[PDB]
Amino acid sequence: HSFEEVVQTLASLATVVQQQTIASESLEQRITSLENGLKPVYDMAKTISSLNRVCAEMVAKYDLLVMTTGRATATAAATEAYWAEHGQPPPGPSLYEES
Amino acid sequence: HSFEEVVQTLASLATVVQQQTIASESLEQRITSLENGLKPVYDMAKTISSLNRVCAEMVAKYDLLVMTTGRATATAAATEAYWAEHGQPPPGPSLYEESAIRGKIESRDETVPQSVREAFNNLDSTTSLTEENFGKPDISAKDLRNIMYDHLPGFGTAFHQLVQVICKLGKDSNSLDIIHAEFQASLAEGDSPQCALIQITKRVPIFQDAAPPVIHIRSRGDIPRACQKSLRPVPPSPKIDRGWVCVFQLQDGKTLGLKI
Amino acid sequence: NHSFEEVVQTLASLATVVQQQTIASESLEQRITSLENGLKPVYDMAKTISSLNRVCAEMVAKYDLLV
Amino acid sequence: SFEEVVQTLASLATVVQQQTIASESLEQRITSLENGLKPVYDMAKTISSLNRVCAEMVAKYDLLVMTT
Amino acid sequence: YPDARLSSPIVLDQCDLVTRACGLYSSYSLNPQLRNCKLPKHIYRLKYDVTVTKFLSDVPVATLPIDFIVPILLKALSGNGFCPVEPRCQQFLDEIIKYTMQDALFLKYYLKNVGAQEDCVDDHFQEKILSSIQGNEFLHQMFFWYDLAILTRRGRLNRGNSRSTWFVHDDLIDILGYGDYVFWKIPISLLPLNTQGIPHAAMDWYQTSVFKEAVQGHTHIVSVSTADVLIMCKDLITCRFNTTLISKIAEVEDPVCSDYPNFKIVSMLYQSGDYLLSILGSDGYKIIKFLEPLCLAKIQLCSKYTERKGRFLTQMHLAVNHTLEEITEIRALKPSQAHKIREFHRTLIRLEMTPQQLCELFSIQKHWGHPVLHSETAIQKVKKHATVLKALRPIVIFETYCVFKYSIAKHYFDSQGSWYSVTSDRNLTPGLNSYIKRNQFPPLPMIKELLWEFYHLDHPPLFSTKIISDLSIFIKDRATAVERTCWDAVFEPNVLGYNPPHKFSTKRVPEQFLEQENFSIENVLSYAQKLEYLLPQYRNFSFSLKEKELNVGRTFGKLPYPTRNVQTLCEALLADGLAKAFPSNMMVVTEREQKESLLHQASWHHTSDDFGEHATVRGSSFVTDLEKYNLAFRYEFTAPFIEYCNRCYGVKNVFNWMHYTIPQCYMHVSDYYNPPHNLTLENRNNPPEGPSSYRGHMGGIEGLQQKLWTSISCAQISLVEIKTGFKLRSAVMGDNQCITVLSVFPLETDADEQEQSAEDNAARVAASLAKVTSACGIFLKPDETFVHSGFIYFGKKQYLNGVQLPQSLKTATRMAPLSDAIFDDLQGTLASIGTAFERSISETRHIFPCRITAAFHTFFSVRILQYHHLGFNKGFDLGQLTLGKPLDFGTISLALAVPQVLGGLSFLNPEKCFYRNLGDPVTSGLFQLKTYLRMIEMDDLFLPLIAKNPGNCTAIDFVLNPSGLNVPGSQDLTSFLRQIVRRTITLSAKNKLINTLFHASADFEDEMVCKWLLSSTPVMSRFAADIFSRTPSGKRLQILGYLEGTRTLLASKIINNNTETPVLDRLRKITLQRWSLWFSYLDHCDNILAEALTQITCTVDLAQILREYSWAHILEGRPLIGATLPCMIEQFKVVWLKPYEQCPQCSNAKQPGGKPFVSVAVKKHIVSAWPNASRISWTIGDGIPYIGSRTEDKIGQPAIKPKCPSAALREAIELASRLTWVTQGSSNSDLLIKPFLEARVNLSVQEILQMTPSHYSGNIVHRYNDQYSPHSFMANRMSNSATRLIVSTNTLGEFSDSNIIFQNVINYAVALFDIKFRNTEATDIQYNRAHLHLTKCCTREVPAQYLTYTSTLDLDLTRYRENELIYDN
Ligand SMILES: [Zn+2]
């Protein structure tokens, strides 16, 4: 029965060694996940505040804006709409303002 | 022999089990380090809502701005260059800021187009509006004179001279609004225009103890016919509020006045 | 005497292995619970960031054919 | 003696098998963290794009309005 | 066929040619081409006219404008000379006065019989009225001008013969009329003289030295005008006579004080205005235009004075002074003239009148005439501020768009469920997604930070390109614009200088709609969606000058036919789909409104039903002008709104047709006699622009897209309400918008500073609104926008602190013998006069002046039509060719007393003095005729006066006229026109869709369906009429009727191509037959009915017997129900109790069952009174004007709520509901719905039965009586006394179901109480309460009966598988 006991002990040692290798690999994977996960967090967290601030200042400066009309919006919109479907330019003669 | 081998195998198994325990402790330490380090990610979740609000609002505003502005817009340099060709605002809408164009209006050095100037002036003329002075009329000397004239029957009457004197004194003292308000109130009360003018003379503090003006004439032809019956000798100390309305100086030195 | 000592040592080794297995199972359950807690908010934040990103991209693309 | 040895060996084998099964299950559960971590990577790569597009919008804003 | 009234703008451009053919000089036109253009074929032969040559053989070559001479002719012309008209209009004057005096009769007798009368009785009433009528200033001038109008119409009719020339010589003036033109010869001494020695009229065209050698030794001068100034002068004289007579008569009723201004002040105003016009020319209307604002300002000062209440009058005075100063500096007035010219506004300012008198004086505005319009200044006015560069603020536009979307969403949420399933990302609306999750709409107070999120909402196409149910909108007898290919063909080809290469074939709508081979709504959607309005041949947009107005010049646009169809389609879609989220008509008077409801609605900071009580609400208001917005709209502001309107429907490029094609057009005024300047054949395709043309029209056009602009204005007002925390109400009517601000006060603030705070709040709201509107590109006028506290004027009604002000000269002064009523039909003229009298008596508080005027004009119209008819030859007599003997006064007097329902010509029913909607037009007419015959000792004619002879009427007019009689004298000319239109359609119907609707067997199918609809037991005509309109027969009938004037009948080439016989001969024959029908008597009556109607002594029985005998062929033996109703005048009797008195009727022990009655009591609370409380019409009370006696029980809820339905779906649902409800005693109903339903929808029976509500009511007759409200009754009295009375009807007990219209009882009681005490002191009234006791002679118990049907249609309506208002897939 000595041979059977030796074989069983060797098999048990091999199984526990395999379990040790599996645990070490899992630990290495966890360490790698820890290292990779939080590396970009600081940069994006820092940029969040800057992007919020620039959006806020753009909103604030939107109010102090004045627009002057011109005699080309209607013809341009009509030309774009006529090009959107059956994309041939509108028939002649030319419209009011062409540019 | 067999017992020694069994003891050695048991010792080896115990050592490997201890190594397994050490590895498990290391794995648990790594897991708890990950859990501890993941906390800031959880904590920074609340900052996204304000960012979303602001970004969505800005996107909506500028999307509407580009929707309402045609494909032909021309950049700022394009408008500045095209302003060098007469006034001629460029075709297609253009964008400014209120402060920039306002400061550019006075600086008459780059020939801002006229039409832009009148458009901006018309737009900005409505800023200075409040609950007061919204529809408040303006009053001058001539307008008040005509308004008072239209209420007095007849022509050439001394009441016209009184109206002229009141208008001149109000123009000098800058008190026309008070006079007009009091006149309107007296008329709305139910008094005649003559009574209203008498109340204006009596009530307004400026007219209290004032020397009547002197008008130089040469004979009876200058004064209207309706005033012929209201000539009296000038007292040593005439009073404008006592009924005396004006004093006429004759070419030979005679002084006469009119009383109501 | 030797047989009793060997039996006691084997029983102690089995008990230690059982305790280690229980500790590993507890750690696994804790990790699963932490993952369950953390799965949702990051997903929602990613969805929001993607939505705002595409909306801003299309708005800037609309602005692009103006200059 | 022999029966006790056989019983102890059988118990050790069963405990070893249970430990291996538990370790395999734990490793299988651990190997699922990539799916959880992937959205974090996506957020990291999209935040830069959002910042870039916002900067482009801000830069394009100055090209239209003349300002001071 | 010339018309008798003004219907065109006054333009004198063509006269420049006429004076060129006679060797004269006159510079009317500003176009130099007319100076040197070839004369037409006509108006050139005047060289060979002997009469014209003799007329102008002693006058200077130089002439004078007609602008300065109209006031001279209005005074220097009177009837004393010789006129070619043989029967003079003044010859039959005594009979007119006799007929008028016969109405201080029975009218008064009717009032006394009813029980109204008047406490103060004066013997001197006939002679005073006679002297007032005889002693009128404008009496003979009116007759003379009517003679002139008759002569000029007769001359204008021919305009191609030798009979077109007429001559009149009256003392100082000579008039020569020739073919649309009039020459006036007047003395020179009458003209005012300029300080340089020349007339004021001659300084516009001639220099001082030039107009001194042309006159030399001459004493008379000649002016030339068209035959339209004469009609204007005739209308002016008629209006002046009417108002003077009304004002004079009003003094007889109430000597102490009347509601009309005066008859002497108005004369001075007329003289001052005439002098001002004669001095200043046509440029002097800028001062006449100030009569209305000055009157409004004077009315504003008739209440408690406030420091800013007098700003209106001051600003108006400043404006009129500046205008008078500006237009007189160039003119060289004498020092004496410069003093007299300032008498119009000087008189207007110094007026001391009650608010009622000023409100009445407000109406006299167009009594001086209208200016002369030019095609140059009219377009210069619109060009100057329609191409103006603007500055805009994007933030205000964004906020307005967000409020627009919010309002649409709120309206959708409020009705038919909740929300609309937003198909948008929830992360882009952080704060609105929670509300959708909880399915609750956000409250108003907290909508300030989530406004921008509304930009991100998305939804399906809520509305549908459907739900049009009227083809009359696509054929409306209007005119369109010619195509771009032939745009200069509308100009006369002699002033142009060349013959246009292209000539159009048609210009009217009705003859173009019938030729539209490919019609249908989807065709129009396809045409608009493909941008087909941008084609080179669809860009004309001509202009047209506006009608009678005092402005310098106003115009409306005309588009080619397909673009007009697109515009009409868009208006129809926006009318009911959109524009319902923004209610325009919101007339509210805060004074006569309940405190609790007002406080609940006025709580801005939420807690509508939870806020603390005891908080009075005081409201202020201000008025803005919405018309001026039209030209101030730009694409950069309206683009998002138009795009959202497109997206809410299934359309793509439909709602932005206008802004895409208007700038591409060439703007010009399409007037015949002046083309645009410098137009030759070479520059025809690319014409140049000048003083009357331009290219880049960037703004809007009035009338086009009005609904969208109103919605945008409402959105702006809502934005203002959101910005500042006040409660705002908006109302829009015509060119006016009224904004009301509600303040809410915490009490303990008396009434002195409360009104000041309310006015300040209104002022700050106005300032904020002005800022917002200016930021949007539209500028308000701070010097023309005014703030009021209790005086609100709007559209048709004006109130002063809750007291209504009379306005009756608007309609009473428009009465005239002559009106355009299709071939001068007498019935149309009499009906117009009657309805004008009814509308006038609806306002004010006097009764006799308006009726006296109507009685005066009726006989005059009868005589004019009898002797001078334009449709017949000259010298004809309609009263001799019919009777065979001369027609006397008695015949007219007897014929004018029979009501039109029974076949007479009486339209002035005295019962209209109490209420305007009669329960039965037959019983009331019988009662009126019986009373009139009872007044005179000639009562033995009632029987041989109403029997008459039934006519041959088919079963198609009984459905059209349910409550009517089958007599040939009570019919109008509608059937004639309908038959003519049907024949015209049959001859030419290449529309390819009308042809399917109008097939060969249309008429016979209509006859069968109408026969089946009246084949029940008992027969009910009202139900048949109500159900007939939803069938294709109703669609055909509504398409058939589009003829409205007697100019399309004769001048239309499509109608007159039928050959056969001319329409004029048929018109003459039918006119002669109709005239023979009246005035004949004892010739169209039978004897069987007369003997069958003996000893009835009951009006209801008489009416029922008359209805039964008539329509005998239609109803063989089946009874008729639900048409006969009693006359309430004959139903109740008054006792007029006094405080310490008992009713004798109620004091007779009430033995058998009791004495039912209605009680009326007078309140004592006054609330407000302006100017005093002497008259009840000047005061108000607690309020209420009743609520309702539980109305009725409503049952039925649809099993499934449909989505946005189609046009035919609702009609099918109502068909199913009515057919199910009317018949319930049989199971055959399912067999009756199917034939009707199969022609409207693709759905089958038993699938719509769950859609229709389970309606179930009682009697069914009462439901069709008042519950369905075929015509809501209202009343003909001002809503002032009704607020100071308590009406109790519960004392009726068992309610005499009942045969009583309870709505009319309140009106009868209130009107009787008002008429009884209208000229007496309030404290001198000796009567406390009134009892209205019913008589047991005209009250019956109506049983509950249902309708039964034996047969079924058995018609194949499946053939209607086409588009339009018929079956849809
Ligand atoms: Zn009684």
# chains A, B, ... in the order shown; residues from 1 in each chain; ligands from 1
>>> residues_around(residues="residue 157 of chain B", least_positions_apart="5", cutoff="9 Å", atoms="only C-alpha atoms", output="MDAnalysis selection string")
chainID B and resid 152 224:227
>>> write_last_selection(atoms="N, CA and C atoms", output="short mmCIF file (atom, residue, chain, number, x, y, z; two decimals), in the first residue's frame")
data_model
loop_
_atom_site.label_atom_id
_atom_site.label_comp_id
_atom_site.auth_asym_id
_atom_site.auth_seq_id
_atom_site.Cartn_x
_atom_site.Cartn_y
_atom_site.Cartn_z
N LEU B 152 -59.06 128.81 -24.94
CA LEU B 152 -59.57 130.15 -24.67
C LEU B 152 -60.35 130.67 -25.86
N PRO B 224 -53.84 144.57 -29.15
CA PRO B 224 -55.08 144.12 -29.82
C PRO B 224 -56.31 144.89 -29.38
N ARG B 225 -57.37 144.83 -30.19
CA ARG B 225 -58.60 145.55 -29.87
C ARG B 225 -59.28 144.98 -28.63
N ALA B 226 -59.19 143.67 -28.41
CA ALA B 226 -59.81 143.06 -27.25
C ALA B 226 -59.18 143.52 -25.94
N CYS B 227 -57.96 144.06 -25.99
CA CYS B 227 -57.28 144.56 -24.80
C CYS B 227 -57.49 146.05 -24.58
#
>>> interface_residues(of="chain B", to="chain A", cutoff="6 Å", atoms="only C-alpha atoms", output="list in words")
residues 27, 34, 51, 58, 70, 91, 92, 93, 94, 95, 96 and 97 of chain B
>>> write_last_selection(atoms="C-alpha atoms", output="PDB file, in the first residue's frame")
ATOM      1  CA  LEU B  27      -5.282  37.861  -3.038  1.00  0.00           C
ATOM      2  CA  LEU B  34      -9.124  47.504  -5.280  1.00  0.00           C
ATOM      3  CA  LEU B  51     -22.210  68.906 -16.590  1.00  0.00           C
ATOM      4  CA  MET B  58     -25.507  75.224 -24.431  1.00  0.00           C
ATOM      5  CA  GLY B  70     -28.896  80.787 -42.922  1.00  0.00           C
ATOM      6  CA  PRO B  91     -25.818  89.567 -47.649  1.00  0.00           C
ATOM      7  CA  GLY B  92     -26.827  87.051 -45.022  1.00  0.00           C
ATOM      8  CA  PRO B  93     -27.104  87.596 -41.278  1.00  0.00           C
ATOM      9  CA  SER B  94     -24.097  88.773 -39.283  1.00  0.00           C
ATOM     10  CA  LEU B  95     -23.240  88.326 -35.606  1.00  0.00           C
ATOM     11  CA  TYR B  96     -21.922  90.984 -33.212  1.00  0.00           C
ATOM     12  CA  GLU B  97     -21.811  91.651 -29.494  1.00  0.00           C
TER      13      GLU B  97
END
>>> residues_around(residues="segment 50-60 of chain C", least_positions_apart="2", cutoff="8 Å", atoms="only C-alpha atoms", output="ChimeraX atom specification")
/B:52,55-56,59,63 /C:46-48,62-64 /D:46,49-50,53-54,56-57 /E:427-428
>>> interface_residues(of="chain D", to="chain B", cutoff="8 Å", atoms="only C-alpha atoms", output="count of residues only")
6
>>> interface_residues(of="chain E", to="chain C", cutoff="12 Å", atoms="only C-alpha atoms", output="ChimeraX atom specification")
/E:424-430,456
>>> write_last_selection(atoms="N, CA and C atoms", output="PDB file, in the first residue's frame")
ATOM      1  N   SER E 424     -37.752  60.654 -27.563  1.00  0.00           N
ATOM      2  CA  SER E 424     -36.483  61.357 -27.450  1.00  0.00           C
ATOM      3  C   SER E 424     -35.696  60.792 -26.278  1.00  0.00           C
ATOM      4  N   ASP E 425     -34.395  61.076 -26.275  1.00  0.00           N
ATOM      5  CA  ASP E 425     -33.533  60.620 -25.193  1.00  0.00           C
ATOM      6  C   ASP E 425     -33.947  61.259 -23.874  1.00  0.00           C
ATOM      7  N   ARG E 426     -34.048  60.436 -22.831  1.00  0.00           N
ATOM      8  CA  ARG E 426     -34.423  60.936 -21.516  1.00  0.00           C
ATOM      9  C   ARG E 426     -33.292  61.686 -20.828  1.00  0.00           C
ATOM     10  N   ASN E 427     -32.044  61.463 -21.244  1.00  0.00           N
ATOM     11  CA  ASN E 427     -30.914  62.153 -20.636  1.00  0.00           C
ATOM     12  C   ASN E 427     -30.789  63.598 -21.098  1.00  0.00           C
ATOM     13  N   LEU E 428     -31.409  63.956 -22.223  1.00  0.00           N
ATOM     14  CA  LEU E 428     -31.360  65.327 -22.713  1.00  0.00           C
ATOM     15  C   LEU E 428     -32.432  66.213 -22.098  1.00  0.00           C
ATOM     16  N   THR E 429     -33.331  65.652 -21.293  1.00  0.00           N
ATOM     17  CA  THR E 429     -34.366  66.413 -20.593  1.00  0.00           C
ATOM     18  C   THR E 429     -34.326  66.042 -19.116  1.00  0.00           C
ATOM     19  N   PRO E 430     -33.286  66.470 -18.399  1.00  0.00           N
ATOM     20  CA  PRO E 430     -33.161  66.095 -16.988  1.00  0.00           C
ATOM     21  C   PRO E 430     -33.990  66.986 -16.077  1.00  0.00           C
ATOM     22  N   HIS E 456     -35.819  69.997 -26.597  1.00  0.00           N
ATOM     23  CA  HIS E 456     -35.355  68.658 -26.933  1.00  0.00           C
ATOM     24  C   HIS E 456     -36.481  67.645 -27.096  1.00  0.00           C
TER      25      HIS E 456
END
>>> residues_near_ligand(ligand="ligand 1", cutoff="12 Å", atoms="only C-alpha atoms and all ligand atoms", output="NGL selection string")
:E and (1132-1138 or 1141-1150 or 1154-1160 or 1291-1292 or 1329-1334)
>>> atom_distance(atom1="atom CA of residue 172 of chain B", atom2="atom CA of residue 140 of chain B")
11.5 Å
>>> closest_residue(among="D:15, D:40, D:58, D:26", to="residue 42 of chain C", atoms="only C-alpha atoms")
D:40
>>> select_by_dssp(residues="segment 265-399 of chain E", states="helix (DSSP H, G or I)", output="PyMOL selection string")
chain E and resi 265-288+291-300+311-326+337-340+344-349+355-361+375-383+394-399
>>> interface_residues(of="chain E", to="chain B", cutoff="7 Å", atoms="only C-alpha atoms", output="PDB file with N, CA and C atoms, in the first residue's frame")
ATOM      1  N   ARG E 311     -52.988 111.557 -19.997  1.00  0.00           N
ATOM      2  CA  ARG E 311     -51.899 111.496 -20.966  1.00  0.00           C
ATOM      3  C   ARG E 311     -52.429 111.224 -22.368  1.00  0.00           C
ATOM      4  N   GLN E 315     -51.497 113.645 -25.470  1.00  0.00           N
ATOM      5  CA  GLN E 315     -50.764 113.129 -26.620  1.00  0.00           C
ATOM      6  C   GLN E 315     -51.555 113.327 -27.906  1.00  0.00           C
ATOM      7  N   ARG E 346     -60.659 122.003 -32.199  1.00  0.00           N
ATOM      8  CA  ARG E 346     -60.981 122.918 -31.108  1.00  0.00           C
ATOM      9  C   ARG E 346     -62.372 122.639 -30.556  1.00  0.00           C
ATOM     10  N   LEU E 389     -33.495  96.778 -42.729  1.00  0.00           N
ATOM     11  CA  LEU E 389     -32.609  95.916 -41.960  1.00  0.00           C
ATOM     12  C   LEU E 389     -32.945  96.004 -40.475  1.00  0.00           C
ATOM     13  N   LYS E 390     -32.889  94.861 -39.794  1.00  0.00           N
ATOM     14  CA  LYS E 390     -33.291  94.765 -38.398  1.00  0.00           C
ATOM     15  C   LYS E 390     -32.157  94.182 -37.563  1.00  0.00           C
ATOM     16  N   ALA E 391     -32.241  94.412 -36.255  1.00  0.00           N
ATOM     17  CA  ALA E 391     -31.329  93.830 -35.281  1.00  0.00           C
ATOM     18  C   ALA E 391     -32.137  93.012 -34.285  1.00  0.00           C
ATOM     19  N   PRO E 394     -30.956  86.785 -30.108  1.00  0.00           N
ATOM     20  CA  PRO E 394     -31.282  85.351 -30.180  1.00  0.00           C
ATOM     21  C   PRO E 394     -31.897  84.780 -28.914  1.00  0.00           C
ATOM     22  N   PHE E 398     -35.153  82.332 -28.721  1.00  0.00           N
ATOM     23  CA  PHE E 398     -35.090  80.995 -28.138  1.00  0.00           C
ATOM     24  C   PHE E 398     -36.149  80.814 -27.057  1.00  0.00           C
ATOM     25  N   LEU E 428     -31.409  63.956 -22.223  1.00  0.00           N
ATOM     26  CA  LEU E 428     -31.360  65.327 -22.713  1.00  0.00           C
ATOM     27  C   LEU E 428     -32.432  66.213 -22.098  1.00  0.00           C
ATOM     28  N   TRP E 452     -35.570  75.469 -21.366  1.00  0.00           N
ATOM     29  CA  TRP E 452     -34.713  75.053 -22.472  1.00  0.00           C
ATOM     30  C   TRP E 452     -34.889  73.576 -22.798  1.00  0.00           C
ATOM     31  N   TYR E 455     -36.917  72.365 -25.729  1.00  0.00           N
ATOM     32  CA  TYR E 455     -36.367  72.334 -27.077  1.00  0.00           C
ATOM     33  C   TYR E 455     -36.065  70.912 -27.533  1.00  0.00           C
ATOM     34  N   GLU E 636     -35.556  85.137 -40.233  1.00  0.00           N
ATOM     35  CA  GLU E 636     -34.666  84.756 -39.142  1.00  0.00           C
ATOM     36  C   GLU E 636     -35.377  84.653 -37.802  1.00  0.00           C
ATOM     37  N   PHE E 637     -36.619  85.120 -37.712  1.00  0.00           N
ATOM     38  CA  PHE E 637     -37.388  85.044 -36.478  1.00  0.00           C
ATOM     39  C   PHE E 637     -38.477  83.983 -36.567  1.00  0.00           C
ATOM     40  N   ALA E 639     -38.527  81.303 -38.766  1.00  0.00           N
ATOM     41  CA  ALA E 639     -38.122  80.007 -39.312  1.00  0.00           C
ATOM     42  C   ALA E 639     -38.354  78.846 -38.350  1.00  0.00           C
ATOM     43  N   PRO E 640     -37.917  78.894 -37.082  1.00  0.00           N
ATOM     44  CA  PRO E 640     -38.160  77.737 -36.200  1.00  0.00           C
ATOM     45  C   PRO E 640     -39.631  77.424 -35.998  1.00  0.00           C
ATOM     46  N   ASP E 760     -49.889 100.935 -12.187  1.00  0.00           N
ATOM     47  CA  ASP E 760     -48.437 100.797 -12.255  1.00  0.00           C
ATOM     48  C   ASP E 760     -48.032  99.399 -12.707  1.00  0.00           C
ATOM     49  N   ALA E 763     -48.541  99.248 -16.359  1.00  0.00           N
ATOM     50  CA  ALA E 763     -47.502  99.993 -17.063  1.00  0.00           C
ATOM     51  C   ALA E 763     -46.201  99.202 -17.142  1.00  0.00           C
ATOM     52  N   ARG E 764     -45.810  98.548 -16.046  1.00  0.00           N
ATOM     53  CA  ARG E 764     -44.570  97.776 -16.074  1.00  0.00           C
ATOM     54  C   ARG E 764     -44.701  96.549 -16.972  1.00  0.00           C
ATOM     55  N   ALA E 767     -44.264  97.834 -20.444  1.00  0.00           N
ATOM     56  CA  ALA E 767     -42.858  98.109 -20.729  1.00  0.00           C
ATOM     57  C   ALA E 767     -42.092  96.826 -21.031  1.00  0.00           C
ATOM     58  N   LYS E 771     -40.273  95.780 -24.565  1.00  0.00           N
ATOM     59  CA  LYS E 771     -38.877  95.365 -24.664  1.00  0.00           C
ATOM     60  C   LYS E 771     -38.751  94.039 -25.405  1.00  0.00           C
ATOM     61  N   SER E 774     -39.642  94.483 -29.181  1.00  0.00           N
ATOM     62  CA  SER E 774     -38.557  95.165 -29.877  1.00  0.00           C
ATOM     63  C   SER E 774     -37.353  94.253 -30.061  1.00  0.00           C
ATOM     64  N   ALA E 775     -37.049  93.417 -29.065  1.00  0.00           N
ATOM     65  CA  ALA E 775     -35.993  92.428 -29.230  1.00  0.00           C
ATOM     66  C   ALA E 775     -36.318  91.422 -30.325  1.00  0.00           C
ATOM     67  N   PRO E 782     -44.670 103.613 -27.835  1.00  0.00           N
ATOM     68  CA  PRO E 782     -44.978 104.018 -26.454  1.00  0.00           C
ATOM     69  C   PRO E 782     -45.874 105.238 -26.372  1.00  0.00           C
ATOM     70  N   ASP E 783     -45.845 106.112 -27.373  1.00  0.00           N
ATOM     71  CA  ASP E 783     -46.706 107.286 -27.412  1.00  0.00           C
ATOM     72  C   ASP E 783     -48.088 106.988 -27.978  1.00  0.00           C
TER      73      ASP E 783
END
>>> residues_around(residues="segment 244-257 of chain B", least_positions_apart="4", cutoff="12 Å", atoms="only C-alpha atoms", output="MDAnalysis selection string")
chainID B and resid 157:166 197:198 201:202 207 209:223 227:240
>>> closest_atom_pairs(of="chain C", to="chain A", cutoff="12 Å", atoms="only C-alpha atoms", output="tab-separated table")
residue	atom	partner	partner_atom	distance
C:17	CA	A:16	CA	10.6
C:21	CA	A:19	CA	11.6
C:24	CA	A:23	CA	10.4
C:28	CA	A:26	CA	12.0
C:31	CA	A:30	CA	11.3
C:49	CA	A:48	CA	11.2
C:56	CA	A:55	CA	11.7
>>> closest_atom_pairs(of="chain E", to="chain A", cutoff="7 Å", atoms="only C-alpha atoms", output="Markdown table")
| residue | atom | partner | partner_atom | distance |
| --- | --- | --- | --- | --- |
| E:389 | CA | A:69 | CA | 6.1 |
| E:390 | CA | A:69 | CA | 5.7 |
| E:391 | CA | A:68 | CA | 4.5 |
| E:392 | CA | A:67 | CA | 5.2 |
| E:393 | CA | A:66 | CA | 5.2 |
| E:395 | CA | A:63 | CA | 6.1 |
| E:531 | CA | A:82 | CA | 6.9 |
| E:535 | CA | A:91 | CA | 6.8 |
| E:536 | CA | A:92 | CA | 7.0 |
| E:635 | CA | A:74 | CA | 6.9 |
| E:659 | CA | A:74 | CA | 6.3 |
| E:660 | CA | A:78 | CA | 5.7 |
| E:663 | CA | A:96 | CA | 6.8 |
| E:664 | CA | A:96 | CA | 5.6 |
>>> write_last_selection(atoms="C-alpha atoms", output="PDB file, in the first residue's frame")
ATOM      1  CA  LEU E 389     -32.609  95.916 -41.960  1.00  0.00           C
ATOM      2  CA  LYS E 390     -33.291  94.765 -38.398  1.00  0.00           C
ATOM      3  CA  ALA E 391     -31.329  93.830 -35.281  1.00  0.00           C
ATOM      4  CA  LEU E 392     -32.444  90.832 -33.225  1.00  0.00           C
ATOM      5  CA  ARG E 393     -31.585  89.164 -29.919  1.00  0.00           C
ATOM      6  CA  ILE E 395     -32.063  84.745 -26.491  1.00  0.00           C
ATOM      7  CA  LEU E 531     -41.590  73.381 -54.051  1.00  0.00           C
ATOM      8  CA  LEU E 535     -41.565  77.514 -60.923  1.00  0.00           C
ATOM      9  CA  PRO E 536     -40.904  80.418 -63.323  1.00  0.00           C
ATOM     10  CA  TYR E 635     -37.397  84.781 -41.804  1.00  0.00           C
ATOM     11  CA  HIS E 659     -41.108  83.217 -47.306  1.00  0.00           C
ATOM     12  CA  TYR E 660     -39.669  81.165 -50.192  1.00  0.00           C
ATOM     13  CA  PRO E 663     -38.908  87.890 -52.327  1.00  0.00           C
ATOM     14  CA  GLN E 664     -38.656  86.322 -55.806  1.00  0.00           C
TER      15      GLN E 664
END
>>> interface_residues(of="chain D", to="chain A", cutoff="10 Å", atoms="only C-alpha atoms", output="ChimeraX atom specification")
/D:2,5-6,9-10,12-13,16-17,19-21,23-24,26-28,30-31,33-34,37-38,40-41,43-48,50-52,54-55,57-58,61,65,67
